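K.L.:
Sharing a structure with you now.
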Amino acid sequence: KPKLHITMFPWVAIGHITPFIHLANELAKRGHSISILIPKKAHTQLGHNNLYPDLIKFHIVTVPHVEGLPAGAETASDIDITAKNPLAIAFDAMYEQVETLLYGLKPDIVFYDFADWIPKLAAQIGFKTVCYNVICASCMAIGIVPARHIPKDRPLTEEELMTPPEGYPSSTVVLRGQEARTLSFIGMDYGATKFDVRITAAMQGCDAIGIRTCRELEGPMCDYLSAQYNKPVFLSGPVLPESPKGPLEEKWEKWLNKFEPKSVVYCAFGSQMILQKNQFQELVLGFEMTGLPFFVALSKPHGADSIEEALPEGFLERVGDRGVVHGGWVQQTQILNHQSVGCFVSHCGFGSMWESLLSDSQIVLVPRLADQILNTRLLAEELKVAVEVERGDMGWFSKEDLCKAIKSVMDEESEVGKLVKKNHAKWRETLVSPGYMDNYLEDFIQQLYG
């Protein structure tokens, strides 16, 4: 069989383009040619990620003018909420450019996600398609499937959002009460149509549904998606990017060394979150309360001059040398791999979820977004490899509940800590089996050939 030529046309957001590039690297590593159609500014920011320049070629698409879209806006991170619909309209207006490029590129397969019209070009130009989703299957399965009726003329109610679609294969990976509002995006206006109409067309039009996940974590969700849309579901595995190389910052080495193995609690909420000052202070006071060593890597909260200017009064002494709160970039992988770290408090974002699973640290989860919550329910409630921090109806978590969650996995005399550590070790052993990640990628490629 000849190598494949795959064209990728992702939604214009760095958070979509970046995992498409990661997957492109994995495919070109196996000899396949990839053309990636993205806007100019995104290419300037991400072009260095191309590890196979002879095989992976970027093609710059211009963002058309639309009423409501500021000059120079190209991706979701360039706009505020008010330009949501204009940006989606401009994206859909890339049809003519993308048609032109596809006629020249003559790909075998086109990967897309929000470009629901790509299947129409598939029929005209002659290629196969994968609707490739860089998120977890549970969010796909609990939201926009034909079993869920979504009205055209009104928002869904909280009670409708709270109710999983008929046949949804889990009673544990579900939203709780007023968490339902985190799912409200499924019915939002999103350009000339509403989001669920676009997603339904994208999913029903593709030749196969592609998902950045694995059978071990989400098999039944994938089967449900396959049944709901009557489509094959191809799993690429999590396609995790290689971690930056080099020695851990010595100052962190000298610090972590001043502690017993598996004793330090590390915390980070990824590279997008910025907390409000009030929740930031409540968080750090929670870490202080545990009496355990901690290393918190968070962005300074909204409006702060610095991490130190936003800390609550008297914090830094009370704590002394027993905790670090740092607002600059840190080597999360090297920190998690340090023998002194024994717990990882995170928001259960996709990358942090996998890093937690693959580590030997206890897992404590403080989700915010819908996918984060569902990921948290899987780990904490279904697999029981983690604990979840209790929250209020508006997302707020107290220092007492954060402390209790950390204590519950640290305390050596805690049955819940013993259980999740035992379950985590089991699941970690699977997820590092011999050729676990590579086998998903090669299996994914063979599915593309069929």
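FYI, it's all coordinate maths here, none of it is from the lab. FYI the Cβ positions are ideal-geometry reconstructions off the backbone, even for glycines, and counts take in every protein chain you see.
K.L.:
Run the numbers for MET188 and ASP223: contour at 0.36 nm per residue of separation, minus the present Cα-Cα distance, in nm. Before the final figure, lay out the partial values.
P.N.:
Details: separation 35, 0.36 × 35 = 12.60 nm, distance 2.63 nm.
Roughly 10.0 nm would be gained on extension.
K.L.:
Just to check I understand the Karplus step: with θ = phi - 60° and J = 6.51 cos²θ - 1.76 cosθ + 1.60, what whole-Hz values come out for segment 318-335, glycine and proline as x?
P.N.:
Result, rounded to whole Hz: 2, 7, x, 8, 8, x, 10, 10, 10, x, x, 5, 10, 7, 4, 4, 4, 5.
K.L.:
Another question, then. For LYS384, put the label point 7 Å out on the Cα→Cβ axis and report which residues of segment 400-427 keep their amide N under 16 Å from it.
P.N.:
409, 414-427
K.L.:
Now for a different question. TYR449 label point, 7 Å along Cα→Cβ, cut-off 17 Å on backbone N: hits in segment 7-47?
P.N.:
What the label zone holds, given the 17 Å backbone N cut-off, is 27-33.
K.L.:
Applying 1/(1 + (r/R0)^6) with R0 = 25 Å to the Cβ-Cβ distance of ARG30 and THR333, what FRET efficiency is obtained, to the nearest 0.05? Each step should come with its number before you reach the end.
P.N.:
Working: r = 25 Å, r/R0 = 0.99.
That pair, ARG30 with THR333, gives E of 0.50.
K.L.:
Sticking with this structure for a sec: Project the alpha carbons of segment 115-269 onto their principal axes and report the range along each, largest first, in whole Å.
P.N.:
60, 43, 31
K.L.:
Hey, can you grab everything whose amide H is under 5 Å from the amide H of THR129? Only 5+ residues off in sequence or another chain; H modelled, so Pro and N-termini drop out.
P.N.:
Those qualifying (amide H under 5 Å, at least 5 residues apart or on another chain) are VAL110, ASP207, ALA208.
K.L.:
Calculated FRET efficiency, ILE60 and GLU442, Cβ-Cβ r, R0 35 Å, to nearest 0.05?
P.N.:
Values: r = 31 Å, r/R0 = 0.90.
Approximately 0.65, to the nearest 0.05.
K.L.:
Additional query: Using just the helices of the chain, give the 222 nm mean residue ellipticity in deg cm²/dmol: DSSP H runs with n ≥ 4 each add -39,500 (n - 2.57), and the total is spread over all residues, rounded to 500.
P.N.:
Numbers: 19 runs with 178 residues, N = 450.
It lands at -11500 deg cm²/dmol.
K.L.:
Are any of the pairs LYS277/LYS399; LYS106/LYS194; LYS262/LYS422; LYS251/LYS300 more than 22 Å apart by Cα-Cα distance, and if so, which?
P.N.:
Details: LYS277/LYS399 14 Å; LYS106/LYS194 31 Å; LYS262/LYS422 15 Å; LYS251/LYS300 20 Å.
Where the Cα-Cα span goes over 22 Å, the pairs concerned are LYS106/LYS194.
K.L.:
Taking the simple approach of a point 7 Å from Cα along Cα-to-Cβ for both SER77 and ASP360, what is their distance in nm?
P.N.:
3.5 nm
K.L.:
Still on this model: In segment 76-100, whose amide N lies under 16 Å from the spot 7 Å out along Cα-to-Cβ of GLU67? List them in ranges.
P.N.:
Of the residues in segment 76-100, 83-90 have backbone N under 16 Å from the label point off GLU67.
K.L.:
Using the beta-carbon distance between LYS277 and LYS1 and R0 = 56 Å, what value does 1/(1 + (r/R0)^6) give for FRET efficiency, to the nearest 0.05? Display every interim value, and only then the final one.
P.N.:
Working: r = 58 Å, r/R0 = 1.03.
So the FRET efficiency works out to roughly 0.45.
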